[PDB]
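To keep things simple, chains are lettered A, B, C, D and E as they appear, and every chain counts its residues starting from 1.
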Amino acid sequence: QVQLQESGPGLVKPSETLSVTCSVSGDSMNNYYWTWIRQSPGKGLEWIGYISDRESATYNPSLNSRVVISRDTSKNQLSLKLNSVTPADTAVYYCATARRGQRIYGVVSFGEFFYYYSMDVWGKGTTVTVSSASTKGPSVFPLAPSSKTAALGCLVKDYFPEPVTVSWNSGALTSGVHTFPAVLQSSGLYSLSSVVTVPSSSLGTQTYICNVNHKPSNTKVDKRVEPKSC
Amino acid sequence: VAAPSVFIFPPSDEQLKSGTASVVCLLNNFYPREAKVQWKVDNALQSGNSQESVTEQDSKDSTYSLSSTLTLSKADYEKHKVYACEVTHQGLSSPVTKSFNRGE
Amino acid sequence: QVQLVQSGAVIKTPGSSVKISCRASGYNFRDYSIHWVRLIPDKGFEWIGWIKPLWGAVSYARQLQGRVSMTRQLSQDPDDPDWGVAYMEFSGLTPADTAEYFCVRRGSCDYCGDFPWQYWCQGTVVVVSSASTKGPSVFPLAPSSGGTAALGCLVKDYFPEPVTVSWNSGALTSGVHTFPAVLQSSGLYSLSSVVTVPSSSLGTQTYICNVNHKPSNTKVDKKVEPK
Amino acid sequence: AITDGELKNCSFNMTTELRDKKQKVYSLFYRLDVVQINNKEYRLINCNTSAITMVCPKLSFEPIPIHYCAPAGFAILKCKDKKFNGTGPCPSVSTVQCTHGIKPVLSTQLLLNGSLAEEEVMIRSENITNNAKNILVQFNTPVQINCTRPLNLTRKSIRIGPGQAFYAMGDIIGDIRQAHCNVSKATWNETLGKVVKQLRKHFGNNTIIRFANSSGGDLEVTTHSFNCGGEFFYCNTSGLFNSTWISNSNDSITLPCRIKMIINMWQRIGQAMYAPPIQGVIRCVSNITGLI
Amino acid sequence: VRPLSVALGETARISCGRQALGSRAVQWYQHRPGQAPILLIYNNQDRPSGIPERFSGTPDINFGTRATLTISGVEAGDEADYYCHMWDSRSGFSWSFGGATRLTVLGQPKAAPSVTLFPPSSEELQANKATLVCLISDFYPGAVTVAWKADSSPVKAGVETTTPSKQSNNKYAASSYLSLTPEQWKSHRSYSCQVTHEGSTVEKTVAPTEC
């Protein structure tokens, strides 16, 4: 019913206003109370704060006053803005909605209850890190097939900020498409290696382009796999 | 009065692989509680190797069971062939036996 | 209400000694005598002793001299006089002392004696056995192939009791017979458990004997079929 | 997090067995029974003038029917006229040895577990046109009430001296809830349909009869006092006495209710009592037979 | 954060660890690594759509019995972290999750390896690099070694891996990149990919003329 996509730049510089925007469809956003949760790597989860429908602004008293939520009802776009960001703000950001409940334990209209929330739509997550480094365009080289099924592959050398998205046939090939972790280089970079299973009776026929996307460096790539006699 | 349906459970290899097997006479669904249930090993009376237990009178049928055992060593069961019990009641006009010849 | 809470179930080895407590409430504990009686499984009752509170004066049987001893604990509260705790220590245990012990009070009276026993505690069983805790195995029982026939299993050589045995987990309950625990073969019990089914279904279904010896966390499942 | 607190959690010194050693003890006093001296430091409500005598724990205060009897040479006469407003001749008299058993209950503004009338509501006063005289009302049918203290409590056993202890509140095992009482609404609105009906024979048919609530005072006279279950409830009754009358199912009225445990009954100079806490929740059921 | 371990099929029991006071409203999640959390139990008892019926909280508890999660029978894809989210009446507004227990199941099969082979890609052999890549998977357990010999001689230079990590099919994986160059290829007649699991070794060989 409600579909949630996360957006956000892969690298930002320290001491800078962070911005994570939540793409929302369905337009049923004015029946819910919106929030953000995050997981700094190596820890459990932690909430961030609540925005209501009437805009009642609360936030966690484990962060300082440097947190602000805005919500748009026109473009239907939620915003998260961590001000004066540090490397302590290295985490994975989930946009979420929650309903209300109340557990009555006594006489109503004496105030003998309390509220409890729960989350119902889970988003897709955006990963953001903080460093003084700059974004580096990749060096993409498609890997040729072998003679058996068959081993279609791709290499994205020299990429940071990580992760890497690699698809096939301009996105249209989803059968047998899988990637593994991009292996950490000693130079502070990363090298993705792809693996895709295609039959060899077909792999030498169609137009297998290694399709990559890269938002943080602002580059799109389409390079053709060439056949070889392995 | 009533009559119990006599059984004889053969000595399985499941317990003779441990060295002591169980020849189990087994009476069910009778009254009165008293009974004279005897047994024989190769048509010969034994003793001192049995533990017999009765049960209590049921709340639905008001009847009784009985289960005796004949626990011997593994040399003693394969030595003999003809295994049988004996059942004797006020409500039976004839002694009833059932048999299980060993190896046959 | 005149309550007499006795604790508790004990398993010991021969040569040892046990202390059994008996908490009373609902009456003035400093006023009424407390008998101790023992209920042998094959000899009937046997009077152990007799304790009188407010001073602790005791008397015993004469066949239990030199072994038994009992005392009490008086509540000292000016705003709660109605409870109290009795004790009993029964030393020199042997396996022939296994029975169920009771802690028995009389009732209010005008024209009677001391021994008529009105309020009864629940009792506790003191087992004296040199056997150690051991799990049960399981062994199937069936005929080779109209008339009804006994399927069943044999649950042999366990310690201590009780084994709870269910059938096909566990809805097969009709036609199900259990025997009390067969006595000590070198210190270990066994249970017979047979189920009568018509002899057509022997060649059709697979039957399960679910042994649950809880004090040793043993669980076994034998299939029973016409072999 | 404060919504509207009731209890307070305290700390003080207390002697051990040997009366030269001092230890820290706590308790849970209500806020009515604690006043301020000047973190922060508090004390009890009456350390100036009164010696607060702890009511013994072996005691029990409870309504039990007392029969008033006359010794030899004396007799008691009982009226049986059903229209007896309280004065003048009673044409039906019978001698009695001992009166019926009245249950001594000490309450204000409402008469609990009383004796009923016979046919109709009986309004009864001394000099009706005089303001300073109270107006006694007596019902022919009882009006039921249900009262509770819905929070659970235990007792500490902080000793004082050799053989003399002291009981206090220890823990809230559960959840904090306000003590309250229910009166049904459809029975209360019909029971006022009778008190208005026979007030108008004393004042006039075409008059308007209204009920207000109070105009001031202490807790003993602005509210409804009990003595039930061993505790002392002071319920706010501004929801019952509130309506007008103009001469033409299951919804209960809830009444909020306070609790205090240092009471001074009859207001004697320098004297005060103390009720020890009751272990467990308290439940009460009573009838209302009459008003003042 | 906290481990937990049962056999496959064995009933898992997760106590929370929040000494709840008063009246409560517990919530349990499935946080399956690689994905986002999933609301399992709602308001002590509600299992919404998309949650399988093998998961159930405690609807029948009175006041004072500890809430515990009961998974009836565990499937391979059920290794995850199980947070107990517990609000109370004698506490403030509750923003601390509290853990949690990781149901790591035992009795899972089975290590059955394979190596996928990848060429020296002729588009960047002119840029003096080699795309000799092995891509390894299909394990249980997944703590696995990758190795690269120069025909008998172990080399470690130019090699960069990660730690092992799971796939989507509940088996593990291991991947590796090699920074070899056409100066380092032609010095030896061949290199060979080696994968070991539990003492057993897979051997695959490559060459510039036989990839």
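In this section, contacts are C-beta pairs under 8 Å (C-beta built on N, C-alpha and C of every residue); 3 or more make two chains touch, one makes a residue touch a chain.
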| item | value |
| --- | --- |
| Set of chains whose contacts include both chain C and chain B | none |
| Contacts common to chain D and chain E (chain labels) | A |
| Farthest-lying chain, centroid of Cα atoms versus that of chain C | A |
| Chain pair whose interface holds the most contacting C-beta pairs | A-E |
| CA centroid of chain B to CA centroid of chain D, Å | 79 |
| Inter-centroid spacing, chain D versus chain A (mean Cα positions, whole Å) | 66 |
| CA centroid of chain C to CA centroid of chain D, Å | 54 |
| Distance from the mean Cα position of chain E to that of chain C, given in whole angstrom | 52 |
| For chain A, residues that touch 2 or more chains besides their own | 105 |
| Chain E, residues touching no fewer than two other chains | 22-23, 89 |
| Shared-contact residues (touching 2 or more other chains) in chain C | none |
| Pairs of chains, among all present, that meet the touch criterion | A-D, A-E, B-C, C-D, D-E |
| Contact set on chain D toward chain A in their complex | 3-4, 150, 175, 177-178, 180, 254, 256 |
| Chain E residues touching chain D - in the complex, by the definition given at the top | 21-23, 63, 89-90, 92-93 |
| Residues of chain C that touch chain B when the two form their complex | 139-141, 147-150, 154, 156, 177, 179-180, 182-183, 185, 192, 194, 196 |
| Complex interface listing, chain A residues touching chain E | 44-47, 60, 62, 94, 101, 103, 105, 114, 116, 118-120, 122-125, 139, 141-144, 146, 151, 153, 155, 157, 178, 180-181, 183-186, 191, 193, 195, 226, 228-230 |
| List of chain C residues in touch with chain D within their complex | 78-79 |
